[PDB]
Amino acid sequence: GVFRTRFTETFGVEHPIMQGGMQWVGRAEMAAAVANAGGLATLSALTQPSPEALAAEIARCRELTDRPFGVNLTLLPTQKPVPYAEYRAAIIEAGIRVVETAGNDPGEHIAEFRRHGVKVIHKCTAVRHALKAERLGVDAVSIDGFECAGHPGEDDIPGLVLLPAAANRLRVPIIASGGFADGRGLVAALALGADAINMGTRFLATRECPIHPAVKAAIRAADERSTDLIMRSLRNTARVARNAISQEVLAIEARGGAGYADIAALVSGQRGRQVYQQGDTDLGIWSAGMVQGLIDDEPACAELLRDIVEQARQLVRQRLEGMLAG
């Protein structure tokens, strides 16, 4: 493609751009659009309610794209127990060649994927977690900074510092994640030591993303200050779109004594998944990054990836080289 990096080489895709795990959203239509657009796409595993349904969704995604795509397997605190090993079995038996893991204690799942020729990208929120993942033999790490939609951990280190700190210590390829939307972010991430960018919020605002048009309009209208950090008091911080629910969750936490039971009904994924289906952005918790303040359009995935790498190339060849010319 336009940029050749350790990422494009390692994972065999045209652009140094990845669409990581997106609960509820990361379905066949999203993954295929990204894969057809030249990026590394992922189907969300836990968006499918059983291993058998994930097998069916992998098959459906293969009807929409001939290009390889990955699966994201997320290992975070769960309301109901999850049979991870069976999901893992389904991913392997389907011939998926790359997996993005995220969350706590990925060790046992990384090893099993390795034993079967499945490359692993592990997403994590601190240099010490990336190093531990590298010791476990992952093929790349995704470094999730404080900007990110979702779970940034509890250190509160933005990518401007976390990426070069990770690059000072890691040897496997690095994917920068959180806060990225355009070619300026891609060049910044490459300069800081990454080999690719991961994006979540930016793909919400694409034509093919299978969510309600009112969610996409909320992202365009939102600025960078319109997210909340919920569950800080439970040390399970999650960055979410500011709405009546997240503001209520914050009000409950500010009273003191709040435990997860006091907010479980507000933060439930079954309320949150209706946001994307019906477009009622106050129905529940939905994930959005502060990068929404850089987003006000709705391109097709193919034009978006092409625009990012072309804009990034022009930043190098015109803006940066122009400052070195005189």
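Note that residue numbering begins at 1 and tracks the sequence as displayed.
Just going by the entry, 106-114 versus 225-233 on mean CA temperature factor gives the higher value to 106-114.
Of the two stretches examined, 55-63 and 258-266, the record assigns the greater average C-alpha temperature factor to 258-266. Highest CA B-factor among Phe203, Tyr84, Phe146, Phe180, as stated in the entry: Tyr84.
Across the options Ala251, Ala238, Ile121, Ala165, the residue with the most elevated CA B-factor in the record is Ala251. For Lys216, the recorded CA B-factor ranks within the lowest third of the chain. Only modelled residues enter the ranking. Sort the chain's modelled residues by C-alpha temperature factor and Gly293 lands in the lowest third, per the entry. The deposited CA B-factor of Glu208 belongs to the middle third of values across its chain. In the PDB entry, a CA B factor belonging to the lowest third of its chain's modelled residues is recorded for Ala126. Annotation for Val13: CA B-factor lies in the middle third of the chain's modelled residues.
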